[PDB]
file target.pdb (PDB, C-alpha atoms)
ATOM      1  CA  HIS S   7       0.000   0.000   0.000  1.00  0.00           C
ATOM      2  CA  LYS S   8       1.559   3.256  -1.168  1.00  0.00           C
ATOM      3  CA  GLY S   9       1.277   6.731   0.357  1.00  0.00           C
ATOM      4  CA  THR S  10      -0.336   9.620  -1.512  1.00  0.00           C
ATOM      5  CA  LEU S  11       1.323  12.931  -2.374  1.00  0.00           C
ATOM      6  CA  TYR S  12      -1.252  15.583  -1.416  1.00  0.00           C
ATOM      7  CA  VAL S  13      -0.769  18.999  -3.024  1.00  0.00           C
ATOM      8  CA  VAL S  14      -2.103  21.640  -0.671  1.00  0.00           C
ATOM      9  CA  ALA S  15      -2.442  25.420  -1.171  1.00  0.00           C
ATOM     10  CA  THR S  16      -2.235  27.773   1.795  1.00  0.00           C
ATOM     11  CA  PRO S  17      -4.592  30.769   1.850  1.00  0.00           C
ATOM     12  CA  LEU S  18      -3.466  34.359   1.987  1.00  0.00           C
ATOM     13  CA  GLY S  19      -4.621  35.972   5.227  1.00  0.00           C
ATOM     14  CA  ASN S  20      -6.829  33.956   7.558  1.00  0.00           C
ATOM     15  CA  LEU S  21      -5.684  30.343   7.931  1.00  0.00           C
ATOM     16  CA  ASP S  22      -9.212  29.400   9.066  1.00  0.00           C
ATOM     17  CA  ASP S  23     -10.171  29.582   5.402  1.00  0.00           C
ATOM     18  CA  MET S  24      -8.457  26.197   5.002  1.00  0.00           C
ATOM     19  CA  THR S  25     -10.625  23.187   4.737  1.00  0.00           C
ATOM     20  CA  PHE S  26     -10.794  20.341   7.173  1.00  0.00           C
ATOM     21  CA  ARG S  27      -9.690  18.064   4.263  1.00  0.00           C
ATOM     22  CA  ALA S  28      -6.602  20.141   3.738  1.00  0.00           C
ATOM     23  CA  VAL S  29      -5.578  20.240   7.395  1.00  0.00           C
ATOM     24  CA  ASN S  30      -6.269  16.491   7.637  1.00  0.00           C
ATOM     25  CA  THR S  31      -3.621  15.880   4.956  1.00  0.00           C
ATOM     26  CA  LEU S  32      -1.108  17.631   7.239  1.00  0.00           C
ATOM     27  CA  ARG S  33      -2.193  15.648  10.305  1.00  0.00           C
ATOM     28  CA  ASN S  34      -1.960  12.378   8.438  1.00  0.00           C
ATOM     29  CA  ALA S  35       1.367  13.023   6.637  1.00  0.00           C
ATOM     30  CA  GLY S  36       4.604  11.253   7.494  1.00  0.00           C
ATOM     31  CA  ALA S  37       6.333  14.516   6.401  1.00  0.00           C
ATOM     32  CA  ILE S  38       5.432  17.936   5.073  1.00  0.00           C
ATOM     33  CA  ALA S  39       7.359  19.127   2.035  1.00  0.00           C
ATOM     34  CA  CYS S  40       7.508  22.923   1.799  1.00  0.00           C
ATOM     35  CA  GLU S  41       9.411  25.882   0.338  1.00  0.00           C
ATOM     36  CA  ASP S  42       9.031  28.218   3.353  1.00  0.00           C
ATOM     37  CA  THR S  43       9.663  26.462   6.637  1.00  0.00           C
ATOM     38  CA  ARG S  44       8.746  29.550   8.702  1.00  0.00           C
ATOM     39  CA  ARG S  45       5.324  30.014   7.163  1.00  0.00           C
ATOM     40  CA  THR S  46       4.750  26.237   7.314  1.00  0.00           C
ATOM     41  CA  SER S  47       5.638  26.096  11.008  1.00  0.00           C
ATOM     42  CA  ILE S  48       3.244  28.977  11.662  1.00  0.00           C
ATOM     43  CA  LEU S  49       0.510  27.052   9.803  1.00  0.00           C
ATOM     44  CA  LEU S  50       1.101  23.842  11.808  1.00  0.00           C
ATOM     45  CA  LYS S  51       1.172  25.772  15.085  1.00  0.00           C
ATOM     46  CA  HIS S  52      -2.155  27.487  14.206  1.00  0.00           C
ATOM     47  CA  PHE S  53      -3.790  24.067  14.017  1.00  0.00           C
ATOM     48  CA  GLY S  54      -1.986  22.574  17.022  1.00  0.00           C
ATOM     49  CA  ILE S  55      -0.079  20.077  14.866  1.00  0.00           C
ATOM     50  CA  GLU S  56       3.211  19.258  16.595  1.00  0.00           C
ATOM     51  CA  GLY S  57       6.116  16.960  15.755  1.00  0.00           C
ATOM     52  CA  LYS S  58       5.959  16.967  11.938  1.00  0.00           C
ATOM     53  CA  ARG S  59       9.127  16.527   9.931  1.00  0.00           C
ATOM     54  CA  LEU S  60       9.521  19.295   7.357  1.00  0.00           C
ATOM     55  CA  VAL S  61      11.287  18.560   4.080  1.00  0.00           C
ATOM     56  CA  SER S  62      12.568  21.732   2.247  1.00  0.00           C
ATOM     57  CA  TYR S  63      12.190  21.515  -1.567  1.00  0.00           C
ATOM     58  CA  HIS S  64      14.582  24.352  -2.658  1.00  0.00           C
ATOM     59  CA  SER S  65      16.330  24.053  -6.107  1.00  0.00           C
ATOM     60  CA  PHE S  66      19.820  23.237  -4.828  1.00  0.00           C
ATOM     61  CA  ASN S  67      18.684  20.301  -2.675  1.00  0.00           C
ATOM     62  CA  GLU S  68      15.738  19.251  -4.894  1.00  0.00           C
ATOM     63  CA  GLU S  69      17.135  15.805  -5.715  1.00  0.00           C
ATOM     64  CA  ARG S  70      17.585  15.052  -2.049  1.00  0.00           C
ATOM     65  CA  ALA S  71      14.099  16.292  -1.121  1.00  0.00           C
ATOM     66  CA  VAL S  72      12.641  14.164  -3.921  1.00  0.00           C
ATOM     67  CA  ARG S  73      14.392  11.047  -2.674  1.00  0.00           C
ATOM     68  CA  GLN S  74      13.181  11.710   0.846  1.00  0.00           C
ATOM     69  CA  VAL S  75       9.581  12.095  -0.280  1.00  0.00           C
ATOM     70  CA  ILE S  76       9.610   9.086  -2.625  1.00  0.00           C
ATOM     71  CA  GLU S  77      10.995   6.908   0.157  1.00  0.00           C
ATOM     72  CA  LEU S  78       8.178   7.908   2.478  1.00  0.00           C
ATOM     73  CA  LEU S  79       5.487   7.323  -0.169  1.00  0.00           C
ATOM     74  CA  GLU S  80       6.928   3.936  -1.124  1.00  0.00           C
ATOM     75  CA  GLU S  81       7.040   3.024   2.568  1.00  0.00           C
ATOM     76  CA  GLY S  82       3.246   3.699   2.694  1.00  0.00           C
ATOM     77  CA  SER S  83       3.162   7.184   4.314  1.00  0.00           C
ATOM     78  CA  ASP S  84       1.358  10.154   2.824  1.00  0.00           C
ATOM     79  CA  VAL S  85       3.286  13.323   2.215  1.00  0.00           C
ATOM     80  CA  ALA S  86       1.772  16.791   2.068  1.00  0.00           C
ATOM     81  CA  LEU S  87       3.329  19.259  -0.358  1.00  0.00           C
ATOM     82  CA  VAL S  88       2.501  22.737   0.831  1.00  0.00           C
ATOM     83  CA  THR S  89       2.841  25.689  -1.486  1.00  0.00           C
ATOM     84  CA  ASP S  90       3.534  29.224  -0.356  1.00  0.00           C
ATOM     85  CA  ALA S  91       0.413  31.292   0.153  1.00  0.00           C
ATOM     86  CA  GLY S  92      -1.046  32.791  -2.984  1.00  0.00           C
ATOM     87  CA  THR S  93      -3.259  31.763  -5.809  1.00  0.00           C
ATOM     88  CA  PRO S  94      -2.027  30.988  -8.251  1.00  0.00           C
ATOM     89  CA  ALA S  95       1.162  29.695  -6.612  1.00  0.00           C
ATOM     90  CA  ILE S  96       4.164  29.275  -8.941  1.00  0.00           C
ATOM     91  CA  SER S  97       6.753  26.728  -7.803  1.00  0.00           C
ATOM     92  CA  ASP S  98       8.966  24.988 -10.228  1.00  0.00           C
ATOM     93  CA  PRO S  99      10.571  22.921  -7.474  1.00  0.00           C
ATOM     94  CA  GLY S 100       7.159  21.882  -6.244  1.00  0.00           C
ATOM     95  CA  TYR S 101       6.076  20.806  -9.704  1.00  0.00           C
ATOM     96  CA  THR S 102       9.314  18.858 -10.097  1.00  0.00           C
ATOM     97  CA  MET S 103       8.529  16.943  -6.908  1.00  0.00           C
ATOM     98  CA  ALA S 104       4.939  16.162  -7.960  1.00  0.00           C
ATOM     99  CA  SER S 105       6.211  15.136 -11.383  1.00  0.00           C
ATOM    100  CA  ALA S 106       8.704  12.730  -9.808  1.00  0.00           C
ATOM    101  CA  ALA S 107       5.943  11.135  -7.751  1.00  0.00           C
ATOM    102  CA  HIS S 108       3.749  10.715 -10.788  1.00  0.00           C
ATOM    103  CA  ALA S 109       6.614   9.238 -12.848  1.00  0.00           C
ATOM    104  CA  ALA S 110       7.088   6.624 -10.091  1.00  0.00           C
ATOM    105  CA  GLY S 111       3.386   5.750 -10.391  1.00  0.00           C
ATOM    106  CA  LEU S 112       2.560   7.128  -6.975  1.00  0.00           C
ATOM    107  CA  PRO S 113      -0.790   8.786  -6.354  1.00  0.00           C
ATOM    108  CA  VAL S 114      -0.786  12.603  -6.560  1.00  0.00           C
ATOM    109  CA  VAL S 115      -3.965  14.285  -5.293  1.00  0.00           C
ATOM    110  CA  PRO S 116      -4.606  18.005  -5.386  1.00  0.00           C
ATOM    111  CA  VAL S 117      -6.590  19.313  -2.452  1.00  0.00           C
ATOM    112  CA  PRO S 118      -9.270  21.990  -3.226  1.00  0.00           C
ATOM    113  CA  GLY S 119      -8.808  25.292  -1.336  1.00  0.00           C
TER     114      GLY S 119
ATOM    115  CA  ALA F   6      15.487  40.888 -27.660  1.00  0.00           C
ATOM    116  CA  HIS F   7      12.638  41.239 -25.160  1.00  0.00           C
ATOM    117  CA  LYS F   8      11.199  38.017 -23.701  1.00  0.00           C
ATOM    118  CA  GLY F   9       7.439  37.614 -23.349  1.00  0.00           C
ATOM    119  CA  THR F  10       5.997  36.708 -19.996  1.00  0.00           C
ATOM    120  CA  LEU F  11       3.916  33.669 -19.214  1.00  0.00           C
ATOM    121  CA  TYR F  12       1.111  35.030 -16.954  1.00  0.00           C
ATOM    122  CA  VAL F  13      -0.597  32.366 -14.871  1.00  0.00           C
ATOM    123  CA  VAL F  14      -4.187  33.474 -14.270  1.00  0.00           C
ATOM    124  CA  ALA F  15      -6.386  31.601 -11.784  1.00  0.00           C
ATOM    125  CA  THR F  16     -10.071  31.588 -12.776  1.00  0.00           C
ATOM    126  CA  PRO F  17     -13.110  30.635 -10.624  1.00  0.00           C
ATOM    127  CA  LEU F  18     -15.881  28.371 -11.913  1.00  0.00           C
ATOM    128  CA  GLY F  19     -18.617  30.930 -11.133  1.00  0.00           C
ATOM    129  CA  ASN F  20     -18.894  34.575 -10.073  1.00  0.00           C
ATOM    130  CA  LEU F  21     -16.488  35.405 -12.846  1.00  0.00           C
ATOM    131  CA  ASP F  22     -17.287  39.133 -12.440  1.00  0.00           C
ATOM    132  CA  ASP F  23     -15.403  39.052  -9.093  1.00  0.00           C
ATOM    133  CA  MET F  24     -12.116  38.513 -10.952  1.00  0.00           C
ATOM    134  CA  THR F  25      -9.837  41.518 -10.772  1.00  0.00           C
ATOM    135  CA  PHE F  26      -9.627  44.022 -13.565  1.00  0.00           C
ATOM    136  CA  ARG F  27      -5.931  43.198 -13.812  1.00  0.00           C
ATOM    137  CA  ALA F  28      -6.708  39.549 -14.413  1.00  0.00           C
ATOM    138  CA  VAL F  29      -9.400  40.162 -17.047  1.00  0.00           C
ATOM    139  CA  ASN F  30      -7.248  42.779 -18.802  1.00  0.00           C
ATOM    140  CA  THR F  31      -4.368  40.307 -18.856  1.00  0.00           C
ATOM    141  CA  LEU F  32      -6.513  37.740 -20.621  1.00  0.00           C
ATOM    142  CA  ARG F  33      -8.051  40.361 -22.904  1.00  0.00           C
ATOM    143  CA  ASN F  34      -4.697  41.559 -24.281  1.00  0.00           C
ATOM    144  CA  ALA F  35      -2.621  38.377 -24.219  1.00  0.00           C
ATOM    145  CA  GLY F  36      -0.880  37.230 -27.368  1.00  0.00           C
ATOM    146  CA  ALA F  37      -2.482  33.806 -26.769  1.00  0.00           C
ATOM    147  CA  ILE F  38      -4.301  31.989 -24.052  1.00  0.00           C
ATOM    148  CA  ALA F  39      -3.113  28.483 -23.092  1.00  0.00           C
ATOM    149  CA  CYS F  40      -5.552  26.217 -21.402  1.00  0.00           C
ATOM    150  CA  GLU F  41      -6.163  22.603 -20.633  1.00  0.00           C
ATOM    151  CA  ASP F  42      -9.967  22.902 -20.638  1.00  0.00           C
ATOM    152  CA  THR F  43     -10.812  24.716 -23.874  1.00  0.00           C
ATOM    153  CA  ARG F  44     -14.566  24.501 -23.381  1.00  0.00           C
ATOM    154  CA  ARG F  45     -14.467  26.112 -19.943  1.00  0.00           C
ATOM    155  CA  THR F  46     -12.007  28.740 -21.234  1.00  0.00           C
ATOM    156  CA  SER F  47     -14.248  29.674 -24.175  1.00  0.00           C
ATOM    157  CA  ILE F  48     -17.135  30.195 -21.778  1.00  0.00           C
ATOM    158  CA  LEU F  49     -14.966  32.539 -19.654  1.00  0.00           C
ATOM    159  CA  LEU F  50     -13.785  34.538 -22.649  1.00  0.00           C
ATOM    160  CA  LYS F  51     -17.309  34.893 -24.047  1.00  0.00           C
ATOM    161  CA  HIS F  52     -18.434  36.117 -20.626  1.00  0.00           C
ATOM    162  CA  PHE F  53     -15.988  39.029 -20.682  1.00  0.00           C
ATOM    163  CA  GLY F  54     -16.497  39.724 -24.385  1.00  0.00           C
ATOM    164  CA  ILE F  55     -12.967  38.655 -25.294  1.00  0.00           C
ATOM    165  CA  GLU F  56     -13.182  37.884 -29.001  1.00  0.00           C
ATOM    166  CA  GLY F  57     -10.838  36.439 -31.586  1.00  0.00           C
ATOM    167  CA  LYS F  58      -8.171  35.269 -29.150  1.00  0.00           C
ATOM    168  CA  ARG F  59      -5.608  32.640 -30.240  1.00  0.00           C
ATOM    169  CA  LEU F  60      -6.040  29.601 -27.986  1.00  0.00           C
ATOM    170  CA  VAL F  61      -3.359  26.976 -27.334  1.00  0.00           C
ATOM    171  CA  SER F  62      -5.067  23.852 -26.084  1.00  0.00           C
ATOM    172  CA  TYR F  63      -3.044  21.437 -23.986  1.00  0.00           C
ATOM    173  CA  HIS F  64      -3.652  17.652 -24.351  1.00  0.00           C
ATOM    174  CA  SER F  65      -1.313  14.941 -22.920  1.00  0.00           C
ATOM    175  CA  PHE F  66      -0.624  13.161 -26.242  1.00  0.00           C
ATOM    176  CA  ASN F  67       0.140  16.490 -27.920  1.00  0.00           C
ATOM    177  CA  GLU F  68       1.862  18.055 -24.924  1.00  0.00           C
ATOM    178  CA  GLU F  69       4.890  18.894 -27.054  1.00  0.00           C
ATOM    179  CA  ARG F  70       2.957  20.873 -29.627  1.00  0.00           C
ATOM    180  CA  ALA F  71       1.274  23.138 -27.006  1.00  0.00           C
ATOM    181  CA  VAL F  72       4.535  23.645 -25.141  1.00  0.00           C
ATOM    182  CA  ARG F  73       6.370  24.428 -28.382  1.00  0.00           C
ATOM    183  CA  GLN F  74       3.748  26.967 -29.410  1.00  0.00           C
ATOM    184  CA  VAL F  75       3.897  28.750 -26.046  1.00  0.00           C
ATOM    185  CA  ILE F  76       7.700  28.809 -25.903  1.00  0.00           C
ATOM    186  CA  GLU F  77       7.922  30.091 -29.468  1.00  0.00           C
ATOM    187  CA  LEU F  78       5.443  32.872 -28.736  1.00  0.00           C
ATOM    188  CA  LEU F  79       7.323  33.899 -25.538  1.00  0.00           C
ATOM    189  CA  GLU F  80      10.679  33.862 -27.349  1.00  0.00           C
ATOM    190  CA  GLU F  81       9.141  36.107 -29.992  1.00  0.00           C
ATOM    191  CA  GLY F  82       8.327  38.702 -27.273  1.00  0.00           C
ATOM    192  CA  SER F  83       4.602  38.012 -26.929  1.00  0.00           C
ATOM    193  CA  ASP F  84       2.931  37.466 -23.581  1.00  0.00           C
ATOM    194  CA  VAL F  85       0.880  34.332 -23.075  1.00  0.00           C
ATOM    195  CA  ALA F  86      -1.769  33.764 -20.397  1.00  0.00           C
ATOM    196  CA  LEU F  87      -2.095  30.253 -18.938  1.00  0.00           C
ATOM    197  CA  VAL F  88      -5.498  29.800 -17.342  1.00  0.00           C
ATOM    198  CA  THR F  89      -5.858  27.414 -14.465  1.00  0.00           C
ATOM    199  CA  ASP F  90      -8.756  26.703 -12.119  1.00  0.00           C
ATOM    200  CA  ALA F  91      -8.839  28.973  -9.022  1.00  0.00           C
ATOM    201  CA  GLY F  92      -9.742  26.225  -6.575  1.00  0.00           C
ATOM    202  CA  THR F  93      -6.840  23.792  -7.066  1.00  0.00           C
ATOM    203  CA  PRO F  94      -3.073  24.273  -6.792  1.00  0.00           C
ATOM    204  CA  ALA F  95      -1.535  25.463 -10.078  1.00  0.00           C
ATOM    205  CA  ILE F  96       1.326  22.979  -9.938  1.00  0.00           C
ATOM    206  CA  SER F  97      -1.302  20.174 -10.070  1.00  0.00           C
ATOM    207  CA  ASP F  98      -3.037  21.529 -13.277  1.00  0.00           C
ATOM    208  CA  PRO F  99      -1.742  19.337 -16.214  1.00  0.00           C
ATOM    209  CA  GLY F 100      -1.119  22.644 -18.066  1.00  0.00           C
ATOM    210  CA  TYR F 101       1.571  23.584 -15.542  1.00  0.00           C
ATOM    211  CA  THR F 102       3.986  21.690 -17.819  1.00  0.00           C
ATOM    212  CA  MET F 103       3.920  24.820 -19.954  1.00  0.00           C
ATOM    213  CA  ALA F 104       4.996  27.029 -17.024  1.00  0.00           C
ATOM    214  CA  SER F 105       7.767  24.611 -16.069  1.00  0.00           C
ATOM    215  CA  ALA F 106       8.985  24.568 -19.706  1.00  0.00           C
ATOM    216  CA  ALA F 107       9.021  28.423 -19.790  1.00  0.00           C
ATOM    217  CA  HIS F 108      11.073  28.418 -16.626  1.00  0.00           C
ATOM    218  CA  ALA F 109      13.465  25.824 -18.137  1.00  0.00           C
ATOM    219  CA  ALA F 110      13.870  28.192 -21.102  1.00  0.00           C
ATOM    220  CA  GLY F 111      14.740  31.174 -18.864  1.00  0.00           C
ATOM    221  CA  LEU F 112      11.415  32.877 -19.567  1.00  0.00           C
ATOM    222  CA  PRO F 113       9.476  34.830 -16.903  1.00  0.00           C
ATOM    223  CA  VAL F 114       6.487  33.118 -15.255  1.00  0.00           C
ATOM    224  CA  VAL F 115       4.277  35.507 -13.299  1.00  0.00           C
ATOM    225  CA  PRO F 116       1.208  34.775 -11.216  1.00  0.00           C
ATOM    226  CA  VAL F 117      -1.852  37.000 -11.607  1.00  0.00           C
ATOM    227  CA  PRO F 118      -3.717  36.995  -8.180  1.00  0.00           C
TER     228      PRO F 118
END
call {"tool": "encode", "arguments": {"input": "target.pdb", "output": "structure tokens"}}
result
Amino acid sequence: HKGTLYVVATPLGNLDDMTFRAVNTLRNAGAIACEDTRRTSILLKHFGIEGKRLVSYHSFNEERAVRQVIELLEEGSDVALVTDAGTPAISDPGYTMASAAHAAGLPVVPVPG
Amino acid sequence: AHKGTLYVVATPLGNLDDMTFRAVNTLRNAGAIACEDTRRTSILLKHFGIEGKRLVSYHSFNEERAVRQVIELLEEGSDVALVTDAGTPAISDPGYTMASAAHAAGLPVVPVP
């Protein structure tokens, strides 16, 4: 049984405009992949979600972040990929990570927000 | 030799008139509009009275052709607007391949809020 890569947008302004579905993907993740650890930590703290491993997906270390996320998915854990607040949110590194999961045949599920 | 910009424009399913002027004007004056859902995009354009626009329609099997068309237009100094759905993350939209290709080509990719 494989984990799912959930792709989750963060709202601008009030974090209570997230959905329960979206926050559930964070609670249920083996790790949270993100491009802004500070904003991600603030988001987790807002919802009382403690102890989550954060995986940075910056360009330089992208290959390493991809390996880390693939390993978790293949081990059966979901991973949440959190994009910086904004809509639309541009992230080439994020896309690269989702692409890698899809190429490996792993489920990639966007979460409505 | 001035590079065109790929503008990524998020569009809602309803209440289209709540889109910003900036976003509608971007679509109105774009050199071409790239979209994965041509039917939905035509409905949007008709709504705002945007007539005669060149559309680049993205399909998996013909991914290359849509990407090539967009990159060629950007290299020729024309802006292109990629429409995506407002409610899901842009990096999940299959059409994001066109934004990642523009980035790979050193072309500007700009979100329109």
call {"tool": "interface_residues", "arguments": {"input": "target.pdb", "of": "chain S", "to": "chain F", "cutoff": "9 Å", "atoms": "only C-alpha atoms", "output": "compact mmCIF listing (two decimals) with C-alpha atoms, keeping the file's coordinate frame"}}
result
# COMPACT_ATOMS: atom_id res chain seq x y z
CA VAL S 13 -0.77 19.00 -3.02
CA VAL S 14 -2.10 21.64 -0.67
CA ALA S 15 -2.44 25.42 -1.17
CA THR S 89 2.84 25.69 -1.49
CA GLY S 92 -1.05 32.79 -2.98
CA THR S 93 -3.26 31.76 -5.81
CA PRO S 94 -2.03 30.99 -8.25
CA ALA S 95 1.16 29.70 -6.61
CA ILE S 96 4.16 29.28 -8.94
CA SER S 97 6.75 26.73 -7.80
CA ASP S 98 8.97 24.99 -10.23
CA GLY S 100 7.16 21.88 -6.24
CA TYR S 101 6.08 20.81 -9.70
CA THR S 102 9.31 18.86 -10.10
CA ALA S 104 4.94 16.16 -7.96
CA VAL S 114 -0.79 12.60 -6.56
CA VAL S 115 -3.96 14.28 -5.29
CA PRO S 116 -4.61 18.00 -5.39
CA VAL S 117 -6.59 19.31 -2.45
CA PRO S 118 -9.27 21.99 -3.23
CA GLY S 119 -8.81 25.29 -1.34
call {"tool": "residues_around", "arguments": {"input": "target.pdb", "residues": "residue 82 of chain S", "least_positions_apart": "6", "cutoff": "10 Å", "atoms": "only C-alpha atoms", "output": "PyMOL selection string"}}
result
chain S and resi 7-10+36+76
call {"tool": "resolve_selection", "arguments": {"input": "target.pdb", "expression": "the PyMOL selection byres ((chain F and resi 23-38) around 6)", "output": "list in words"}}
result
residues 20, 21, 22, 39, 55, 59, 60, 83, 84, 85, 86 and 87 of chain F
call {"tool": "resolve_selection", "arguments": {"input": "target.pdb", "expression": "the PyMOL selection byres ((chain S and resi 103) around 12)", "output": "ChimeraX atom specification"}}
result
/S:11-13,39-41,61-65,67-76,85-89,97-102,104-110,112,114 /F:96-97,105
call {"tool": "atom_distance", "arguments": {"input": "target.pdb", "atom1": "atom CA of residue 83 of chain S", "atom2": "atom CA of residue 59 of chain S"}}
result
12.4 Å
call {"tool": "atom_distance", "arguments": {"input": "target.pdb", "atom1": "atom CA of residue 19 of chain F", "atom2": "atom CA of residue 46 of chain F"}}
result
12.3 Å
call {"tool": "atom_distance", "arguments": {"input": "target.pdb", "atom1": "atom CA of residue 99 of chain F", "atom2": "atom CA of residue 81 of chain S"}}
result
26.4 Å
call {"tool": "resolve_selection", "arguments": {"input": "target.pdb", "expression": "the PyMOL selection byres ((chain S and resi 29) around 12)", "output": "PyMOL selection string"}}
result
chain S and resi 12-17+21-28+30-35+38+46+49-55+86-88+117-119
call {"tool": "residues_near_point", "arguments": {"input": "target.pdb", "point": "(9.2, 31.6, -19.9)", "cutoff": "9 Å", "atoms": "only C-alpha atoms", "output": "list in words"}}
result
residues 8, 9, 10, 11, 75, 76, 79, 80, 103, 104, 105, 106, 107, 108, 109, 110, 111, 112, 113 and 114 of chain F
call {"tool": "residues_around", "arguments": {"input": "target.pdb", "residues": "segment 61-71 of chain F", "least_positions_apart": "3", "cutoff": "6 Å", "atoms": "all atoms listed in the file", "output": "count of residues only"}}
result
4
